[PDB]
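A.B. asks: Protein chains in written order, with full-length UniProt numbering: chain A, 35 to 52, 62 to 330; chain B, 35 to 52, 62 to 330.
C-beta: ideal position from N, C-alpha, C; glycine also.
First the structure, then my questions, so here it is.
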Ligand SMILES: [Fe+3]
Ligand SMILES: [Fe+3]
Ligand SMILES: [Fe+3]
Ligand SMILES: [Fe+3]
């Protein structure tokens, strides 16, 4: 595989691992309450802190994906959990990506740290629950009866993550209004993930081909569930944020927001997975 | 904590993450069979492959420590598993160390990859069992009844690892006979671990102080068990190596080697932990 081989070759060359209070820390249009009348009841100070929390939550989701889904899948790959993989080159490519992911986690932790320092406020990760994708991944894991099912669940969710993260990062990478340290952090992350998507795509194709029919089917079901979870707005995390901020009538509004917005995707660009499933000739079966 | 703070400050500056067939790939004196009469029954080719396997095994032990012990402890630290820690600076220091460890894992995987390429042989990690420290860590975990016990077990083993790894790396870092890519890989790793030892020491001191008396005691017992395991020769891994190479009479000799050498430490420099336990004024109680 020449894709794998060259990524391995030039990693040392491309890998990323080598303030204006006026600017919002985040995009208003990615806050669920921004689309509800309650937004007008809020003070400029509260609006500002909700933007800060938004950024913090976006960082937390990214860290949680890397630590609970992506890296655990990479480790299972290296440990031989899946048929159709193996060989020294893949091991090196994956070992490199694990470094990248850990560095991405650091970048996002620092993104939040800078916000906390500059705004002079805690915005603690401890306030936030498990992100929506983390939750759904864990629910699927808990329904597994066999080890092979858990490992395929994680692969499916990680494939979705690695192939769709570019579109999640795109949401802030291009935004010229928000804090530039925030956009630049997201852009830099975005660079690495282009190459990760290629690796993850290749690996998925090969595992799928080498799996028996029952296990193939189980894997695609996990890919489906993962994408659904990945692209959704995290209503639950935002509910934790607005409760902690003491927004009056947050609960009633939250119910109304789930009703009105339960159907919109935060991430609308699904071209990564669409294209992967097309190249695999399995797009036939989907939700 | 100024130690923590400056390590955080200058990480971007110090972090490492930014062939002669004639030369042995490893040190003969770290092969258990080197000290037994069977060594004279072996061909130069077999002696050479055992040196290669030695290096490969040493890389595998290092990877297994990073992936099963060190990074899992760092993640528990960040997730608030232990009293007496917390705060943004520690989180950044630890997030940085996790990048380092993952990079060390890559360096050691590449160390083995180069050996496999240049010697034109598989020396597969799949032949090697769990390393001795990995085994003992896992045995202690399996005896735990409560979550808090598992997290303290991992902390204790990780503290030992982070504070003692310099002495394990020293064994090859200075060796001017072995392959220079091998020595240089180990030296480069060694650079980072000086700073890791400081972090890990600080964290241990503070957790211990904040723990109740029963939990303090449990933690030190785990430190003790960890050091014992960490410094021992891995007789079991070497047994897998010599069996796979088809050394005649390996089994009888292996028994004799455990008898004669069961008492020697591969790692004789225990100054890291000795000094930590002295500064904590708990050296009183030991094995
Ligand atoms: Fe990433
Ligand atoms: Fe990635
Ligand atoms: Fe290390
Ligand atoms: Fe370390």
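Using 8 Å as the limit for Cβ to Cβ distance, is residue 323 of chain B near chain A?
C.D. replies: It does not: the Cβ of residue 323 of chain B has no partner Cβ on chain A nearer than 8 Å.
A.B. asks: Which chain A residues are close to residue 52 of chain B, counting only those with a beta carbon under 9 Å from its beta carbon?
C.D. replies: Near residue 52 of chain B (Cβ distances below 9 Å), the residues of chain A are 51, 52.
A.B. asks: Along chain A, which residues have their Cβ under 8 Å away from the Cβ of residue 123 of chain B?
C.D. replies: In chain order: 169.
A.B. asks: For residue 142 of chain B, which residues in chain A fall below 9 Å Cβ to Cβ?
C.D. replies: Residues of chain A passing the Cβ test: 51, 142, 145, 146, 148, 149.
A.B. asks: Are the C-beta of residue 41 of chain A and some C-beta of chain B separated by less than 8 Å?
C.D. replies: It does not; no Cβ of chain B falls within 8 Å.
A.B. asks: Which residues in chain B sit within 7 Å of residue 156 of chain A, going by Cβ to Cβ distance?
C.D. replies: By Cβ distance, chain B contributes 131, 135.
A.B. asks: Check this for me: beta carbons of residue 249 of chain A and residue 127 of chain A, under 8 Å apart or not?
C.D. replies: Going by C-beta atoms, residue 249 of chain A is nearer than 8 Å to residue 127 of chain A.
A.B. asks: Alpha carbons only, please: which of B:131, B:71, B:237 is nearest the one belonging to residue 210 of chain B?
C.D. replies: That would be B:237, whose Cα lies nearest to the Cα of residue 210 of chain B.
A.B. asks: Could you please give the first and the last residue of the uninterrupted alpha helix (DSSP H) stretch that includes residue 282 of chain A?
C.D. replies: Residues 278-287.
A.B. asks: So if I threshold CB-CB distances at 8 Å, which residues from the stretch 96-121 of chain B count as touching chain A?
C.D. replies: Per Cβ criterion, the list reads 110, 118.
A.B. asks: Pull up the DSSP beta-bridge partners for residue 305 of chain B, would you.
C.D. replies: Its beta-bridge partners are B:307.
A.B. asks: Within 8 Å (strictly less), CB to CB, does residue 225 of chain A reach chain B?
C.D. replies: No, residue 225 of chain A does not count as interfacial toward chain B.
A.B. asks: Using alpha carbons as the reference points, say which of A:43, A:315, A:65 lies closest to residue 221 of chain A.
C.D. replies: The candidate whose alpha carbon is nearest that of residue 221 of chain A is A:65.
A.B. asks: State the Cα-Cα distance for the pair residue 206 of chain B and residue 176 of chain B, rounded to the nearest angstrom.
C.D. replies: Computed Cα separation, rounded: 14 Å.
A.B. asks: Starting from residue 37 of chain A, follow the alpha helix (DSSP H) in both directions and report where the run begins and ends.
C.D. replies: Per DSSP, residue 37 of chain A belongs to the alpha helix (DSSP H) from 36-48.
A.B. asks: Using a Cβ-Cβ cut-off of 6 Å (strictly less than) and excluding sequence neighbours within five positions of residue 241 of chain B, which residues of its own chain qualify?
C.D. replies: Closer than 6 Å at the Cβ level, and outside the excluded window around residue 241 of chain B, lie 37.
A.B. asks: Give the interface partners of residue 159 of chain A over in chain B, defined as CB-CB distance under 8 Å, in chain order.
C.D. replies: Correct list: 131.
A.B. asks: Could you tell me which of B:160, B:223, B:121, B:113 sits nearest to residue 144 of chain B, measuring between CA atoms?
C.D. replies: Looking at the Cα atoms, B:113 is the closest of the given residues.
A.B. asks: Which residues in chain A have a C-beta closer than 8 Å to the C-beta of residue 35 of chain B? List them in chain order.
C.D. replies: Simply none; closest approach about 16 Å.
A.B. asks: Among B:247, B:101, B:196, which has the Cα closest to the Cα of residue 324 of chain B?
C.D. replies: Closest by alpha carbon: B:247.
A.B. asks: When DSSP labels each residue in this structure, what does residue 101 of chain B get in the three-state scheme?
C.D. replies: Note: residue 101 of chain B maps to helix in three-state DSSP.
A.B. asks: Run the CB neighbour count on residue 43 of chain A, radius 10 Å, all protein chains shown included, and call it buried at 16 or more, exposed below.
C.D. replies: Exposed, since its Cβ has fewer than 16 Cβ neighbours within 10 Å.
A.B. asks: Consider the C-beta atom of residue 109 of chain B and the heavy atoms of ligand 3; say whether any pair is separated by less than 7 Å.
C.D. replies: Residue 109 of chain B Cβ: within cutoff of ligand 3.
A.B. asks: Classify residue 321 of chain A: buried if its beta carbon has 16 or more other beta carbons within 10 angstroms, exposed otherwise.
C.D. replies: Exposed.
A.B. asks: Please classify residue 68 of chain A as buried or exposed, where buried requires at least 16 neighbouring CB atoms within 10 angstroms.
C.D. replies: Buried, by the Cβ-count rule.
A.B. asks: What I want to know is whether the C-beta of residue 213 of chain B ends up closer than 7 Å to one or more non-hydrogen atoms of ligand 3.
C.D. replies: No, the Cβ of residue 213 of chain B stays beyond 7 Å of every heavy atom of ligand 3.
A.B. asks: Excluding the five sequence neighbours on either side, which residues of its own chain have a C-beta within less than 7 Å of the C-beta of residue 275 of chain B, listed in chain order?
C.D. replies: 175, 308, 309, listed in sequence order.
A.B. asks: If you reduce the DSSP assignment to three classes, tell me which class residue 58 of chain B lands in.
C.D. replies: The residue list of chain B ends a segment at 52 and starts the next at 62, so residue 58 of chain B has no coordinates to report.
A.B. asks: Starting from the Cα of residue 169 of chain B, find the closest Cα among B:251, B:300, B:284 and give me that residue.
C.D. replies: When only C-alpha atoms are compared, the closest one is B:284.
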